[PDB]
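Q: One file is attached below, data.pdb, containing PDB, C-alpha atoms.
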ATOM      1  CA  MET W   1      44.608 -20.750 -62.115  1.00  0.00           C
ATOM      2  CA  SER W   2      43.144 -24.008 -63.458  1.00  0.00           C
ATOM      3  CA  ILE W   3      40.752 -26.287 -61.556  1.00  0.00           C
ATOM      4  CA  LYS W   4      41.799 -29.145 -63.855  1.00  0.00           C
ATOM      5  CA  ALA W   5      45.488 -28.547 -63.134  1.00  0.00           C
ATOM      6  CA  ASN W   6      44.789 -28.387 -59.394  1.00  0.00           C
ATOM      7  CA  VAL W   7      42.822 -31.660 -59.416  1.00  0.00           C
ATOM      8  CA  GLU W   8      45.570 -33.292 -61.503  1.00  0.00           C
ATOM      9  CA  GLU W   9      48.235 -32.259 -58.989  1.00  0.00           C
ATOM     10  CA  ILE W  10      46.201 -33.762 -56.108  1.00  0.00           C
ATOM     11  CA  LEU W  11      45.790 -37.047 -57.979  1.00  0.00           C
ATOM     12  CA  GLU W  12      49.571 -37.099 -58.496  1.00  0.00           C
ATOM     13  CA  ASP W  13      50.049 -36.500 -54.770  1.00  0.00           C
ATOM     14  CA  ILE W  14      47.761 -39.475 -54.101  1.00  0.00           C
ATOM     15  CA  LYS W  15      49.965 -41.697 -56.265  1.00  0.00           C
ATOM     16  CA  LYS W  16      53.055 -40.301 -54.572  1.00  0.00           C
ATOM     17  CA  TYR W  17      52.047 -40.396 -50.888  1.00  0.00           C
ATOM     18  CA  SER W  18      49.415 -43.065 -50.303  1.00  0.00           C
ATOM     19  CA  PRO W  19      50.478 -46.547 -49.190  1.00  0.00           C
ATOM     20  CA  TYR W  20      47.505 -47.750 -51.279  1.00  0.00           C
ATOM     21  CA  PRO W  21      46.683 -45.133 -53.934  1.00  0.00           C
ATOM     22  CA  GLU W  22      43.960 -47.281 -55.485  1.00  0.00           C
ATOM     23  CA  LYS W  23      41.814 -46.896 -52.327  1.00  0.00           C
ATOM     24  CA  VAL W  24      41.911 -43.086 -52.070  1.00  0.00           C
ATOM     25  CA  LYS W  25      39.025 -40.838 -53.092  1.00  0.00           C
ATOM     26  CA  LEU W  26      39.199 -37.070 -53.497  1.00  0.00           C
ATOM     27  CA  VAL W  27      36.263 -35.320 -51.801  1.00  0.00           C
ATOM     28  CA  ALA W  28      35.977 -31.845 -53.286  1.00  0.00           C
ATOM     29  CA  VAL W  29      34.795 -29.538 -50.509  1.00  0.00           C
ATOM     30  CA  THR W  30      32.259 -27.410 -52.379  1.00  0.00           C
ATOM     31  CA  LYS W  31      30.730 -25.602 -49.397  1.00  0.00           C
ATOM     32  CA  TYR W  32      31.997 -22.199 -50.662  1.00  0.00           C
ATOM     33  CA  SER W  33      31.646 -22.874 -54.396  1.00  0.00           C
ATOM     34  CA  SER W  34      29.004 -21.683 -56.840  1.00  0.00           C
ATOM     35  CA  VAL W  35      27.243 -24.289 -58.956  1.00  0.00           C
ATOM     36  CA  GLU W  36      29.257 -22.920 -61.906  1.00  0.00           C
ATOM     37  CA  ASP W  37      32.532 -23.789 -60.157  1.00  0.00           C
ATOM     38  CA  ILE W  38      31.234 -27.213 -59.085  1.00  0.00           C
ATOM     39  CA  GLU W  39      30.335 -27.885 -62.730  1.00  0.00           C
ATOM     40  CA  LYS W  40      33.937 -26.971 -63.602  1.00  0.00           C
ATOM     41  CA  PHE W  41      35.133 -29.556 -61.054  1.00  0.00           C
ATOM     42  CA  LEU W  42      32.861 -32.215 -62.570  1.00  0.00           C
ATOM     43  CA  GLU W  43      34.447 -31.551 -65.950  1.00  0.00           C
ATOM     44  CA  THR W  44      37.805 -32.737 -64.571  1.00  0.00           C
ATOM     45  CA  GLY W  45      36.448 -36.290 -64.466  1.00  0.00           C
ATOM     46  CA  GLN W  46      35.902 -36.231 -60.679  1.00  0.00           C
ATOM     47  CA  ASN W  47      32.466 -36.069 -59.082  1.00  0.00           C
ATOM     48  CA  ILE W  48      32.628 -36.530 -55.299  1.00  0.00           C
ATOM     49  CA  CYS W  49      31.399 -33.289 -53.709  1.00  0.00           C
ATOM     50  CA  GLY W  50      31.283 -32.657 -49.956  1.00  0.00           C
ATOM     51  CA  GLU W  51      29.045 -30.095 -48.257  1.00  0.00           C
ATOM     52  CA  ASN W  52      28.548 -29.188 -44.616  1.00  0.00           C
ATOM     53  CA  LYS W  53      25.237 -27.246 -44.456  1.00  0.00           C
ATOM     54  CA  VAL W  54      21.928 -29.031 -45.008  1.00  0.00           C
ATOM     55  CA  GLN W  55      20.128 -26.132 -46.698  1.00  0.00           C
ATOM     56  CA  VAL W  56      23.048 -25.532 -49.060  1.00  0.00           C
ATOM     57  CA  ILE W  57      23.460 -29.153 -50.171  1.00  0.00           C
ATOM     58  CA  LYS W  58      19.681 -29.504 -50.470  1.00  0.00           C
ATOM     59  CA  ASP W  59      19.543 -26.708 -53.041  1.00  0.00           C
ATOM     60  CA  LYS W  60      22.671 -27.792 -54.906  1.00  0.00           C
ATOM     61  CA  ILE W  61      21.315 -31.370 -55.143  1.00  0.00           C
ATOM     62  CA  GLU W  62      18.079 -30.133 -56.732  1.00  0.00           C
ATOM     63  CA  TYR W  63      20.002 -27.869 -59.120  1.00  0.00           C
ATOM     64  CA  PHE W  64      22.204 -30.650 -60.503  1.00  0.00           C
ATOM     65  CA  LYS W  65      19.260 -33.041 -60.757  1.00  0.00           C
ATOM     66  CA  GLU W  66      17.545 -30.498 -63.003  1.00  0.00           C
ATOM     67  CA  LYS W  67      20.800 -30.115 -64.962  1.00  0.00           C
ATOM     68  CA  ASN W  68      21.059 -33.944 -65.185  1.00  0.00           C
ATOM     69  CA  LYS W  69      24.630 -34.101 -63.821  1.00  0.00           C
ATOM     70  CA  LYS W  70      25.920 -37.168 -61.965  1.00  0.00           C
ATOM     71  CA  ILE W  71      27.422 -36.388 -58.561  1.00  0.00           C
ATOM     72  CA  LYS W  72      28.304 -38.471 -55.516  1.00  0.00           C
ATOM     73  CA  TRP W  73      27.154 -36.209 -52.661  1.00  0.00           C
ATOM     74  CA  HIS W  74      28.982 -36.540 -49.329  1.00  0.00           C
ATOM     75  CA  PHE W  75      27.786 -34.801 -46.159  1.00  0.00           C
ATOM     76  CA  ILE W  76      30.795 -33.757 -44.114  1.00  0.00           C
ATOM     77  CA  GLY W  77      29.382 -31.273 -41.585  1.00  0.00           C
ATOM     78  CA  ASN W  78      27.335 -31.378 -38.399  1.00  0.00           C
ATOM     79  CA  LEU W  79      24.050 -33.192 -39.007  1.00  0.00           C
ATOM     80  CA  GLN W  80      21.137 -32.343 -36.738  1.00  0.00           C
ATOM     81  CA  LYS W  81      18.749 -35.277 -36.191  1.00  0.00           C
ATOM     82  CA  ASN W  82      15.753 -33.316 -37.472  1.00  0.00           C
ATOM     83  CA  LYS W  83      17.614 -32.375 -40.692  1.00  0.00           C
ATOM     84  CA  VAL W  84      18.335 -35.983 -41.750  1.00  0.00           C
ATOM     85  CA  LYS W  85      15.021 -36.094 -43.656  1.00  0.00           C
ATOM     86  CA  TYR W  86      16.343 -33.520 -46.139  1.00  0.00           C
ATOM     87  CA  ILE W  87      19.386 -35.486 -47.379  1.00  0.00           C
ATOM     88  CA  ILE W  88      18.569 -39.161 -46.738  1.00  0.00           C
ATOM     89  CA  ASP W  89      17.545 -39.860 -50.356  1.00  0.00           C
ATOM     90  CA  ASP W  90      20.396 -38.120 -52.225  1.00  0.00           C
ATOM     91  CA  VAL W  91      23.597 -38.281 -50.142  1.00  0.00           C
ATOM     92  CA  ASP W  92      25.941 -41.220 -50.820  1.00  0.00           C
ATOM     93  CA  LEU W  93      28.103 -40.939 -47.659  1.00  0.00           C
ATOM     94  CA  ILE W  94      27.576 -39.235 -44.284  1.00  0.00           C
ATOM     95  CA  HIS W  95      31.017 -38.666 -42.703  1.00  0.00           C
ATOM     96  CA  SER W  96      29.848 -37.192 -39.415  1.00  0.00           C
ATOM     97  CA  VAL W  97      28.039 -39.829 -37.356  1.00  0.00           C
ATOM     98  CA  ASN W  98      29.177 -38.764 -33.902  1.00  0.00           C
ATOM     99  CA  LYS W  99      26.576 -40.268 -31.578  1.00  0.00           C
ATOM    100  CA  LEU W 100      24.041 -43.063 -31.291  1.00  0.00           C
ATOM    101  CA  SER W 101      20.907 -40.910 -31.464  1.00  0.00           C
ATOM    102  CA  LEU W 102      22.040 -39.506 -34.803  1.00  0.00           C
ATOM    103  CA  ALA W 103      22.872 -42.991 -36.112  1.00  0.00           C
ATOM    104  CA  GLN W 104      19.420 -44.167 -35.016  1.00  0.00           C
ATOM    105  CA  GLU W 105      17.692 -41.298 -36.802  1.00  0.00           C
ATOM    106  CA  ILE W 106      19.681 -41.949 -39.975  1.00  0.00           C
ATOM    107  CA  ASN W 107      18.754 -45.628 -39.710  1.00  0.00           C
ATOM    108  CA  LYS W 108      15.034 -44.898 -39.235  1.00  0.00           C
ATOM    109  CA  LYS W 109      14.905 -42.552 -42.231  1.00  0.00           C
ATOM    110  CA  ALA W 110      16.936 -44.923 -44.402  1.00  0.00           C
ATOM    111  CA  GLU W 111      14.565 -47.761 -43.585  1.00  0.00           C
ATOM    112  CA  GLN W 112      11.532 -45.629 -44.490  1.00  0.00           C
ATOM    113  CA  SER W 113      13.126 -45.035 -47.906  1.00  0.00           C
ATOM    114  CA  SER W 114      13.987 -48.759 -48.238  1.00  0.00           C
ATOM    115  CA  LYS W 115      17.733 -48.143 -48.483  1.00  0.00           C
ATOM    116  CA  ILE W 116      20.977 -48.617 -46.553  1.00  0.00           C
ATOM    117  CA  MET W 117      22.930 -45.405 -45.875  1.00  0.00           C
ATOM    118  CA  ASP W 118      26.719 -45.675 -45.879  1.00  0.00           C
ATOM    119  CA  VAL W 119      28.217 -43.769 -42.925  1.00  0.00           C
ATOM    120  CA  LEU W 120      31.532 -43.073 -41.230  1.00  0.00           C
ATOM    121  CA  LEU W 121      31.860 -42.794 -37.461  1.00  0.00           C
ATOM    122  CA  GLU W 122      33.258 -39.390 -36.469  1.00  0.00           C
ATOM    123  CA  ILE W 123      35.908 -39.746 -33.758  1.00  0.00           C
ATOM    124  CA  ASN W 124      37.345 -36.861 -31.679  1.00  0.00           C
ATOM    125  CA  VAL W 125      40.879 -38.171 -31.665  1.00  0.00           C
ATOM    126  CA  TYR W 126      42.681 -35.049 -30.410  1.00  0.00           C
ATOM    127  CA  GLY W 127      40.233 -34.321 -27.577  1.00  0.00           C
ATOM    128  CA  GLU W 128      39.126 -30.793 -28.480  1.00  0.00           C
ATOM    129  CA  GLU W 129      36.620 -29.069 -26.195  1.00  0.00           C
ATOM    130  CA  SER W 130      34.813 -27.929 -29.337  1.00  0.00           C
ATOM    131  CA  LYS W 131      33.957 -31.608 -29.274  1.00  0.00           C
ATOM    132  CA  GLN W 132      31.524 -33.298 -31.573  1.00  0.00           C
ATOM    133  CA  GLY W 133      33.177 -36.611 -32.366  1.00  0.00           C
ATOM    134  CA  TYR W 134      33.046 -39.831 -30.423  1.00  0.00           C
ATOM    135  CA  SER W 135      35.508 -40.547 -27.737  1.00  0.00           C
ATOM    136  CA  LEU W 136      36.815 -44.092 -28.138  1.00  0.00           C
ATOM    137  CA  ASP W 137      35.166 -45.240 -24.887  1.00  0.00           C
ATOM    138  CA  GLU W 138      31.784 -43.881 -25.955  1.00  0.00           C
ATOM    139  CA  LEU W 139      32.020 -45.582 -29.342  1.00  0.00           C
ATOM    140  CA  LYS W 140      32.980 -48.933 -27.800  1.00  0.00           C
ATOM    141  CA  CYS W 141      29.942 -48.646 -25.539  1.00  0.00           C
ATOM    142  CA  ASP W 142      27.692 -47.950 -28.568  1.00  0.00           C
ATOM    143  CA  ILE W 143      29.155 -50.564 -30.886  1.00  0.00           C
ATOM    144  CA  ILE W 144      26.588 -53.342 -30.670  1.00  0.00           C
ATOM    145  CA  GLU W 145      23.570 -51.035 -30.832  1.00  0.00           C
ATOM    146  CA  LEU W 146      25.313 -49.462 -33.850  1.00  0.00           C
ATOM    147  CA  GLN W 147      25.957 -52.785 -35.592  1.00  0.00           C
ATOM    148  CA  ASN W 148      22.284 -53.750 -35.145  1.00  0.00           C
ATOM    149  CA  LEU W 149      21.094 -50.715 -37.160  1.00  0.00           C
ATOM    150  CA  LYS W 150      20.465 -52.714 -40.328  1.00  0.00           C
ATOM    151  CA  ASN W 151      19.823 -49.727 -42.611  1.00  0.00           C
ATOM    152  CA  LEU W 152      23.231 -48.224 -41.796  1.00  0.00           C
ATOM    153  CA  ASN W 153      26.363 -49.439 -43.523  1.00  0.00           C
ATOM    154  CA  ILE W 154      29.279 -48.379 -41.307  1.00  0.00           C
ATOM    155  CA  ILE W 155      32.272 -48.449 -43.685  1.00  0.00           C
ATOM    156  CA  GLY W 156      34.865 -46.434 -41.779  1.00  0.00           C
ATOM    157  CA  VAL W 157      35.850 -43.618 -39.449  1.00  0.00           C
ATOM    158  CA  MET W 158      36.467 -39.892 -39.721  1.00  0.00           C
ATOM    159  CA  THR W 159      38.374 -37.202 -37.821  1.00  0.00           C
ATOM    160  CA  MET W 160      39.236 -33.530 -38.220  1.00  0.00           C
ATOM    161  CA  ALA W 161      42.599 -32.468 -36.913  1.00  0.00           C
ATOM    162  CA  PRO W 162      43.010 -28.908 -35.605  1.00  0.00           C
ATOM    163  CA  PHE W 163      44.844 -26.603 -37.968  1.00  0.00           C
ATOM    164  CA  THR W 164      48.574 -26.645 -37.254  1.00  0.00           C
ATOM    165  CA  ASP W 165      51.940 -26.684 -38.991  1.00  0.00           C
ATOM    166  CA  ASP W 166      53.384 -29.193 -36.505  1.00  0.00           C
ATOM    167  CA  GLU W 167      53.887 -32.305 -38.622  1.00  0.00           C
ATOM    168  CA  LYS W 168      54.438 -34.461 -35.519  1.00  0.00           C
ATOM    169  CA  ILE W 169      51.013 -33.541 -34.125  1.00  0.00           C
ATOM    170  CA  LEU W 170      49.307 -34.203 -37.462  1.00  0.00           C
ATOM    171  CA  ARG W 171      50.889 -37.643 -37.807  1.00  0.00           C
ATOM    172  CA  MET W 172      49.902 -38.473 -34.228  1.00  0.00           C
ATOM    173  CA  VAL W 173      46.303 -37.535 -34.963  1.00  0.00           C
ATOM    174  CA  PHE W 174      46.093 -39.339 -38.311  1.00  0.00           C
ATOM    175  CA  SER W 175      47.958 -42.439 -37.093  1.00  0.00           C
ATOM    176  CA  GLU W 176      45.774 -42.567 -33.966  1.00  0.00           C
ATOM    177  CA  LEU W 177      42.591 -42.733 -36.051  1.00  0.00           C
ATOM    178  CA  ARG W 178      44.206 -45.408 -38.238  1.00  0.00           C
ATOM    179  CA  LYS W 179      45.018 -47.433 -35.106  1.00  0.00           C
ATOM    180  CA  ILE W 180      41.403 -47.095 -33.938  1.00  0.00           C
ATOM    181  CA  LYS W 181      40.123 -48.367 -37.300  1.00  0.00           C
ATOM    182  CA  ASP W 182      42.528 -51.331 -37.198  1.00  0.00           C
ATOM    183  CA  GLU W 183      41.457 -52.178 -33.641  1.00  0.00           C
ATOM    184  CA  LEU W 184      37.716 -51.837 -34.399  1.00  0.00           C
ATOM    185  CA  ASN W 185      38.264 -54.045 -37.446  1.00  0.00           C
ATOM    186  CA  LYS W 186      39.728 -56.825 -35.289  1.00  0.00           C
ATOM    187  CA  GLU W 187      37.362 -56.611 -32.314  1.00  0.00           C
ATOM    188  CA  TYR W 188      33.981 -55.780 -33.858  1.00  0.00           C
ATOM    189  CA  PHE W 189      33.709 -55.201 -37.622  1.00  0.00           C
ATOM    190  CA  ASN W 190      35.423 -58.308 -39.022  1.00  0.00           C
ATOM    191  CA  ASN W 191      37.495 -56.106 -41.340  1.00  0.00           C
ATOM    192  CA  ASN W 192      34.476 -54.410 -42.877  1.00  0.00           C
ATOM    193  CA  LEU W 193      35.854 -50.902 -42.100  1.00  0.00           C
ATOM    194  CA  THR W 194      37.610 -49.830 -45.301  1.00  0.00           C
ATOM    195  CA  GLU W 195      37.628 -46.008 -45.111  1.00  0.00           C
ATOM    196  CA  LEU W 196      39.647 -43.373 -43.256  1.00  0.00           C
ATOM    197  CA  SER W 197      38.350 -39.833 -43.795  1.00  0.00           C
ATOM    198  CA  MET W 198      41.007 -37.275 -42.766  1.00  0.00           C
ATOM    199  CA  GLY W 199      43.156 -34.537 -44.267  1.00  0.00           C
ATOM    200  CA  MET W 200      42.322 -31.159 -45.815  1.00  0.00           C
ATOM    201  CA  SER W 201      44.064 -28.676 -48.155  1.00  0.00           C
ATOM    202  CA  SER W 202      46.894 -27.700 -45.848  1.00  0.00           C
ATOM    203  CA  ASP W 203      47.761 -31.189 -44.586  1.00  0.00           C
ATOM    204  CA  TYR W 204      46.464 -33.849 -46.978  1.00  0.00           C
ATOM    205  CA  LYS W 205      49.897 -35.093 -48.068  1.00  0.00           C
ATOM    206  CA  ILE W 206      50.518 -36.118 -44.454  1.00  0.00           C
ATOM    207  CA  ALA W 207      47.060 -37.621 -44.206  1.00  0.00           C
ATOM    208  CA  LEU W 208      47.719 -39.626 -47.379  1.00  0.00           C
ATOM    209  CA  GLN W 209      50.976 -41.000 -45.919  1.00  0.00           C
ATOM    210  CA  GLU W 210      49.077 -42.000 -42.770  1.00  0.00           C
ATOM    211  CA  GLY W 211      46.572 -43.985 -44.845  1.00  0.00           C
ATOM    212  CA  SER W 212      43.755 -41.551 -45.645  1.00  0.00           C
ATOM    213  CA  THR W 213      41.179 -42.883 -48.110  1.00  0.00           C
ATOM    214  CA  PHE W 214      39.076 -39.666 -48.279  1.00  0.00           C
ATOM    215  CA  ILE W 215      40.858 -36.310 -48.439  1.00  0.00           C
ATOM    216  CA  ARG W 216      38.471 -33.367 -48.092  1.00  0.00           C
ATOM    217  CA  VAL W 217      40.123 -30.674 -50.177  1.00  0.00           C
ATOM    218  CA  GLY W 218      38.525 -27.286 -50.822  1.00  0.00           C
ATOM    219  CA  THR W 219      40.887 -24.349 -51.276  1.00  0.00           C
ATOM    220  CA  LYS W 220      43.584 -26.402 -53.067  1.00  0.00           C
ATOM    221  CA  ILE W 221      41.049 -27.276 -55.783  1.00  0.00           C
ATOM    222  CA  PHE W 222      39.109 -24.028 -56.118  1.00  0.00           C
ATOM    223  CA  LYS W 223      41.507 -21.214 -55.125  1.00  0.00           C
TER     224      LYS W 223
END
Translate this structure into structure tokens?
A:
Amino acid sequence: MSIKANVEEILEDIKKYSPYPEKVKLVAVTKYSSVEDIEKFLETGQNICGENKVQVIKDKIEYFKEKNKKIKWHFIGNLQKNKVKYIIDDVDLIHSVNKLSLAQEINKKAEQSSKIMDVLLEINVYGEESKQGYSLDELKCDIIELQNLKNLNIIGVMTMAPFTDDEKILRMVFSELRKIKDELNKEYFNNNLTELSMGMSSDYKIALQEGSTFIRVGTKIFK
């Protein structure tokens, strides 16, 4: 196998399936990858790397600083309020803002470092009882408090579909989050929401067709 060939195939899929290929970013899911394999990914010409554990990304960030490698770090897992301090200075995008208290902690820490953190709002579109994401009603109730957090830059929304082979369910999930983004863009964000984070290795071609701008692909790149 060839990491370069795998990345190349995904970029071709983006051109083939996205309604707007120029907007789509590949997020390599590096949560199970050694720093040697990540380095191999970087050598493809891509450098967006997504992690889901704070301790793991913390140590990988320090490693690649010392190796002087340029990486756009995305945090794509569950973020505990008291762990925000460990990533606030080095992560470029937090995908998983699922509640107001987390957004407020991210805002407070961003302000203390004199920066604006880009975030996505995590939305539980399918309604899973392993819930973490916003329901739509909860988000609507939070919206104005959220828009007043001046050291957050809310640029889009995120969901994770359950694993399934049913293409109809996947399209329903991905299209539902797209509809939410379009609605939020009319009613509250004045079109400032540009990103749709959805799709992983087994379903990203569907997510691309449904308008995904961040596909979080692990196994398809590295295995």
Q: Just to confirm, what's the straight-line distance from CA of residue 112 (chain W) to CA of residue 85 (chain W) in Å (one decimal)?
A: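 Here the two named atoms are 10.2 Å from each other.
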Q: One decimal, Å: what's the distance from CA of residue 54 (chain W) over to CA of residue 90 (chain W), could you say?
A: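 CA of residue 90 (chain W) lies at a distance of 11.7 Å from CA of residue 54 (chain W).
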Q: Compute the distance from (39.3, -44.2, -48.7) to each atom, counting all atoms listed in the file, keep the residues with any atom at most 9 Å away, and return them as an MDAnalysis selection string; use the coordinates of the file.
A: chainID W and resid 22:26 156 194:197 211:215
Q: Rounded to one decimal place, report the CA of residue 30 (chain W)-CA of residue 117 (chain W) distance in Å.
A: 21.3 Å
Q: Using only C-alpha atoms, which residue out of W:28, W:180, W:61, W:141 lies closest to residue 199 (chain W)?
A: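 Looking only at the distances to residue 199 (chain W), the closest residue turns out to be W:28.
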Q: Counting only C-alpha atoms, what is within 6 Å of residue 50 (chain W), bar same-chain residues fewer than 6 positions away, as number ranges by chain?
A: W: 27-30, 74-76
Q: Name the closest residue to residue 193 (chain W) among the candidates W:176, W:118, W:210, W:9; distances are taken between atoms, counting all atoms listed in the file.
A: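 Of all the options, W:118 lies closest to residue 193 (chain W).
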Q: Write out as a list in words each polymer residue whose atoms come within 12 Å of residue 130 (chain W), counting all atoms listed in the file; drop sequence neighbours fewer than 6 positions from it.
A: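 Counting only the stated atoms, we get residues 124, 160, 161 and 162 of chain W.
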Q: Determine the nearest neighbour of residue 143 (chain W) from the options W:188, W:174, W:126, W:163, counting only C-alpha atoms.
A: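 Nearest candidate to residue 143 (chain W) out of W:188, W:174, W:126, W:163: W:188.
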Q: Give as a PyMOL selection string every residue, naming chains and numbers as the document does, that has an atom within 12 Å of (23.1, -24.8, -42.5), counting all atoms listed in the file.
A: chain W and resi 31+51-59+75-80+83+86
Q: Skipping near chain neighbours, those fewer than 6 positions away, what residues fall within 12 Å of residue 43 (chain W) using all atoms listed in the file, listed as a PyMOL selection string?
A: chain W and resi 2-5+7+36-37+69-71
Q: For a quick check of understanding, using only C-alpha atoms, which of W:169, W:139, W:200, W:221 has the smallest distance to residue 181 (chain W)?
A: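 For residue 181 (chain W), the nearest of the candidates is W:139.
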Q: Evaluate the PyMOL selection byres ((chain W and resi 202) around 9) on the structure here and hand back the selected residues as a list in words.
A: residues 163, 164, 165, 199, 200, 201, 203, 204, 205, 217, 219 and 220 of chain W
Q: Check the smallest atom-to-atom distance from each of W:136, W:100, W:38, W:170 to residue 208 (chain W) using only C-alpha atoms, then report the winner.
A: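 That would be W:170, the residue with the smallest distance to residue 208 (chain W).
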Q: Excluding region 144-154 of chain W and its own-chain neighbours fewer than 5 positions away, which residues fall within 9 Å of it when counting only C-alpha atoms? Please give them as a VMD selection string.
A: chain W and resid 100 103 to 104 106 to 111 114 to 121 139 188 to 189 192 to 193
Q: I'd like to know which of W:96, W:134, W:187, W:45 is closest to residue 8 (chain W), using all atoms listed in the file.
A: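 Result for the nearest residue to residue 8 (chain W): W:45.
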Q: Box for region 80-83 of chain W - axis-aligned, 3 Å on each of the six sides, all listed atoms - centre and size in Å to one decimal, as AutoDock Vina command-line options.
A:
--center_x 18.4 --center_y -33.8 --center_z -38.4 --size_x 11.4 --size_y 8.9 --size_z 10.5
Q: Kindly complete region 60-82 of chain W to N, CA and C atoms; the output should be written as a PDB file, keeping the file's coordinate frame.
A:
ATOM      1  N   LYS W  60      21.761 -27.362 -53.847  1.00  0.00           N
ATOM      2  CA  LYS W  60      22.671 -27.792 -54.906  1.00  0.00           C
ATOM      3  C   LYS W  60      22.254 -29.142 -55.489  1.00  0.00           C
ATOM      4  N   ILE W  61      21.780 -30.068 -54.647  1.00  0.00           N
ATOM      5  CA  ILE W  61      21.315 -31.370 -55.143  1.00  0.00           C
ATOM      6  C   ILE W  61      20.175 -31.195 -56.147  1.00  0.00           C
ATOM      7  N   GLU W  62      19.185 -30.364 -55.804  1.00  0.00           N
ATOM      8  CA  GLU W  62      18.079 -30.133 -56.732  1.00  0.00           C
ATOM      9  C   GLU W  62      18.565 -29.505 -58.032  1.00  0.00           C
ATOM     10  N   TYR W  63      19.463 -28.523 -57.932  1.00  0.00           N
ATOM     11  CA  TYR W  63      20.002 -27.869 -59.120  1.00  0.00           C
ATOM     12  C   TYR W  63      20.628 -28.869 -60.085  1.00  0.00           C
ATOM     13  N   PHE W  64      21.511 -29.741 -59.591  1.00  0.00           N
ATOM     14  CA  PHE W  64      22.204 -30.650 -60.503  1.00  0.00           C
ATOM     15  C   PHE W  64      21.330 -31.822 -60.948  1.00  0.00           C
ATOM     16  N   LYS W  65      20.276 -32.154 -60.202  1.00  0.00           N
ATOM     17  CA  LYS W  65      19.260 -33.041 -60.757  1.00  0.00           C
ATOM     18  C   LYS W  65      18.645 -32.419 -62.001  1.00  0.00           C
ATOM     19  N   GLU W  66      18.181 -31.171 -61.876  1.00  0.00           N
ATOM     20  CA  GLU W  66      17.545 -30.498 -63.003  1.00  0.00           C
ATOM     21  C   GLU W  66      18.512 -30.325 -64.168  1.00  0.00           C
ATOM     22  N   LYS W  67      19.810 -30.175 -63.894  1.00  0.00           N
ATOM     23  CA  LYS W  67      20.800 -30.115 -64.962  1.00  0.00           C
ATOM     24  C   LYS W  67      21.268 -31.493 -65.408  1.00  0.00           C
ATOM     25  N   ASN W  68      20.744 -32.562 -64.804  1.00  0.00           N
ATOM     26  CA  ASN W  68      21.059 -33.944 -65.185  1.00  0.00           C
ATOM     27  C   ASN W  68      22.562 -34.240 -65.144  1.00  0.00           C
ATOM     28  N   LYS W  69      23.210 -33.846 -64.048  1.00  0.00           N
ATOM     29  CA  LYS W  69      24.630 -34.101 -63.821  1.00  0.00           C
ATOM     30  C   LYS W  69      24.802 -35.137 -62.712  1.00  0.00           C
ATOM     31  N   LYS W  70      25.704 -36.099 -62.928  1.00  0.00           N
ATOM     32  CA  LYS W  70      25.920 -37.168 -61.965  1.00  0.00           C
ATOM     33  C   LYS W  70      26.959 -36.737 -60.937  1.00  0.00           C
ATOM     34  N   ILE W  71      26.586 -36.820 -59.670  1.00  0.00           N
ATOM     35  CA  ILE W  71      27.422 -36.388 -58.561  1.00  0.00           C
ATOM     36  C   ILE W  71      27.261 -37.393 -57.432  1.00  0.00           C
ATOM     37  N   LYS W  72      28.363 -37.724 -56.769  1.00  0.00           N
ATOM     38  CA  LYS W  72      28.304 -38.471 -55.516  1.00  0.00           C
ATOM     39  C   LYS W  72      28.383 -37.458 -54.373  1.00  0.00           C
ATOM     40  N   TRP W  73      27.243 -37.201 -53.727  1.00  0.00           N
ATOM     41  CA  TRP W  73      27.154 -36.209 -52.661  1.00  0.00           C
ATOM     42  C   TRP W  73      27.600 -36.815 -51.332  1.00  0.00           C
ATOM     43  N   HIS W  74      28.574 -36.184 -50.681  1.00  0.00           N
ATOM     44  CA  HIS W  74      28.982 -36.540 -49.329  1.00  0.00           C
ATOM     45  C   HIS W  74      28.570 -35.428 -48.367  1.00  0.00           C
ATOM     46  N   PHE W  75      28.064 -35.794 -47.189  1.00  0.00           N
ATOM     47  CA  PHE W  75      27.786 -34.801 -46.159  1.00  0.00           C
ATOM     48  C   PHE W  75      28.879 -34.854 -45.101  1.00  0.00           C
ATOM     49  N   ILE W  76      29.588 -33.736 -44.924  1.00  0.00           N
ATOM     50  CA  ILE W  76      30.795 -33.757 -44.114  1.00  0.00           C
ATOM     51  C   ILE W  76      30.714 -32.805 -42.924  1.00  0.00           C
ATOM     52  N   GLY W  77      29.559 -32.185 -42.685  1.00  0.00           N
ATOM     53  CA  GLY W  77      29.382 -31.273 -41.585  1.00  0.00           C
ATOM     54  C   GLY W  77      28.538 -31.847 -40.457  1.00  0.00           C
ATOM     55  N   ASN W  78      28.184 -30.968 -39.513  1.00  0.00           N
ATOM     56  CA  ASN W  78      27.335 -31.378 -38.399  1.00  0.00           C
ATOM     57  C   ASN W  78      25.925 -31.634 -38.891  1.00  0.00           C
ATOM     58  N   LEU W  79      25.366 -32.785 -38.527  1.00  0.00           N
ATOM     59  CA  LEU W  79      24.050 -33.192 -39.007  1.00  0.00           C
ATOM     60  C   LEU W  79      23.110 -33.259 -37.813  1.00  0.00           C
ATOM     61  N   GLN W  80      22.162 -32.338 -37.769  1.00  0.00           N
ATOM     62  CA  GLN W  80      21.137 -32.343 -36.738  1.00  0.00           C
ATOM     63  C   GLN W  80      20.112 -33.425 -37.055  1.00  0.00           C
ATOM     64  N   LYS W  81      19.677 -34.156 -36.012  1.00  0.00           N
ATOM     65  CA  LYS W  81      18.749 -35.277 -36.191  1.00  0.00           C
ATOM     66  C   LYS W  81      17.526 -34.884 -37.009  1.00  0.00           C
ATOM     67  N   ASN W  82      16.961 -33.704 -36.753  1.00  0.00           N
ATOM     68  CA  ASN W  82      15.753 -33.316 -37.472  1.00  0.00           C
ATOM     69  C   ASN W  82      16.038 -32.742 -38.862  1.00  0.00           C
TER      70      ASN W  82
END
